[PDB]
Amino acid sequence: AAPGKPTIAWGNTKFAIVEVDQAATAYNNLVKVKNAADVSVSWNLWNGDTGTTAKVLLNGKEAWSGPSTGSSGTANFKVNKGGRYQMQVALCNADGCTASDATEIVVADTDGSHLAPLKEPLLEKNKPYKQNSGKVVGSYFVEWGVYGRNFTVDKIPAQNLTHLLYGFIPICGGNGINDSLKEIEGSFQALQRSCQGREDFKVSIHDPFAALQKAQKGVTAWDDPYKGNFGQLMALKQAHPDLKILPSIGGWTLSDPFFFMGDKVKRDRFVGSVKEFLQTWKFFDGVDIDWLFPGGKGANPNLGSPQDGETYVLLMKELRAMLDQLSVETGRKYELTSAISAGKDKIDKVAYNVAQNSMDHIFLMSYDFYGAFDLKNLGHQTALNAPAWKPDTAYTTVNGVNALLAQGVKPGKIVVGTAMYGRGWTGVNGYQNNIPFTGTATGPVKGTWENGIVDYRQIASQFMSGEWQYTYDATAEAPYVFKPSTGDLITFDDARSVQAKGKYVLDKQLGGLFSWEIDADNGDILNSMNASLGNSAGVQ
């Protein structure tokens, strides 16, 4: 007769192919990639013949076998593929095999293969849209938004996007390399902590806690291997296989390191670390380069040179070569994109007509044209065209696009930007013909989280009544609110201005639309981005 039926003994059932130290602060101690997870299982047989051979089955497939020597045993084996498995211990002899009831074991991997899909209902004013326009619909999610702004990955209306960008991935470096970070409390210090023992100019993760250790919906167990933003993004991929999730390197406060990459030694080290990063965090689909900006004029007044244009083109070609090599290794397809200035004076410092050959998309930052950074020359911060009171306005969306086209950039590579926040001034005065933009201000408007900036969500619920005047400039395609008594002026993007941008994109055959930043919208902006680009309503 066949052996008796054994039972599985108490013991941990959660393992991982890629290990993460949930208490680490340094990137070099934070993660360790292995070829497989080391799984262990023990069993007991209280009644019956114990057989002659013991086997471990995973979803019915043999993963281990050995001599059965008694009423109890232990098996140690490797599992090289992530997932949730139905594991059983079977005892066999010449007369047959007898399998125990199944115990679920989890083998985690960074592609999110061990996680149930993170499929959350749409919140606030977000409405469902099908991505059938064939146009890009992207938005940036910020790593630090899980704190003060209290916006997590589960709150992203993911079904309404084709591209989700993660801002921002930093480049290691101390004094003289990341000085721009010193303007934000503890930001410079956090990066040094993360880069402890790591070579300068290699990429890293700015806030390991927010990225991998903070408990969040779907990855809330005290012993889950991947938590925080990355853990949720992994689960999000399971729910949306076609969504492109990209890591964005740089941004306003993390661009200083790019200025040193004219040195091939540093550039090679950088490109190399990006490859290893992508091999480590499998849920990412490529890389987005946000160098602000080649030639200078960024956050650091002491950086920028005429050599930057060449370095940029060299960098993109080198990254594309690295991604091709990675593709032959994994068989996957990777995207290479970049967010750039929309000002003509900056665009011409780079030969995008050449760089475009190794890029999938160009995220034209058609916003921040005006703002509290200049209290004398006011104007629409993200308008499509120039206003009637100054047809020669230099900074507009159309001017940015024309500059690229004039170089030879293919229209299909250009993705137009929308703003999910407004910029404002206070004490505006000395204006003519009831056009506030013609005067001057005395400071920044009180912001939602920081001076001179207001979330669209707050504009819609707080500044659309009372003494606030509302006006939609149909010439420039830009709305704005103004409070005469205090001189508060706010320029932003609304459902209508975004609609104009989308129609413009379809008319000129551009790539689509993207926005900054997802947490600031209440649903109106993204709904319009989708609708204006031709996507049809209804869940898919």
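When you see a residue number, it is the position in the sequence shown, counting from 1.
Could you check the entry and say whether 530-538 or 1-9 has the higher mean CA B-factor?
The entry gives the higher C-alpha B-factor average to 530-538.
Using the B-factors recorded in the PDB entry, average over the C-alpha atoms of 287-295 and of 397-405, then report which stretch comes out higher.
Mean C-alpha B-factor is greater for 397-405.
For the CA B factor values reported in this entry, which option in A235, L326, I205, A75 has the top one?
Going by the entry's C-alpha B-factors, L326 comes out highest.
Considering only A211, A221, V106, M464, which residue's Cα atom bears the greatest B-factor as recorded?
Among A211, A221, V106, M464, the highest C-alpha B-factor in the entry belongs to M464.
Which third, lowest, middle or highest, does the CA B-factor of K217 fall in along this chain?
Lowest third, going by the recorded CA B-factors of the chain.
Can you work out whether the C-alpha temperature factor of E185 puts it in the lowest, middle or highest third of the chain?
It falls in the top third of the chain.
Could you say whether, by C-alpha temperature factor, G250 belongs to the lowest, middle or highest third of its chain?
According to the entry, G250 has a C-alpha B-factor in the chain's lowest third.
So where's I490 on the chain's Cα temperature factor ranking, which third?
Answer is middle: the recorded C-alpha B-factor places it there.
Classify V498 as lowest, middle or highest third according to the C-alpha B-factor given in the PDB entry, relative to its own chain.
As the PDB entry reports it, the C-alpha B-factor of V498 lands in the middle third of its chain.
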